[PDB]
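One chain comes next, on its own, written as structure tokens: the form solved without the partner chain.
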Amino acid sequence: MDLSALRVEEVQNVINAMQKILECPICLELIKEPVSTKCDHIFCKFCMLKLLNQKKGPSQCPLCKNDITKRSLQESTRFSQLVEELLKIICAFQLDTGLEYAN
């Protein structure tokens, strides 16, 4: 039962585009611990460890080009509920329509 294919393709399109905003800018992995970087960017926390662990001095924002340091970012938890909530939205889609989300 694909909800009779009635306005089902439109929704799925909104669910995908939504995940993009709650995606990852380095490993492309659904961020869990959203942290704001010196460049007002989000990350998965651990991503910063590697970016800073690298023997290259201050981290380099891969979103723009650079501008990042250890004593800068901080777990603010702004894009947390946005990621967790979104996940629950996709579950409901397949629960009823049962259409594919992404692979």
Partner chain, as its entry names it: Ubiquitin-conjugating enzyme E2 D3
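Positions refer to the first chain, counted from 1.
The same protein also has a form deposited with the partner chain bound, omitted here; what follows describes it.
In the deposited bound form, none of the heavy atoms of residue 32 sits within 4.5 Å of a heavy atom of the partner chain.
Residue contact with the partner chain in the deposited bound form: residue 51 places a heavy atom within 4.5 Å of it. Although the partner chain is not shown here, in the deposited bound form the stretch 5 to 19 places heavy atoms of 16, 19 within 4.5 Å of it, in sequence order.
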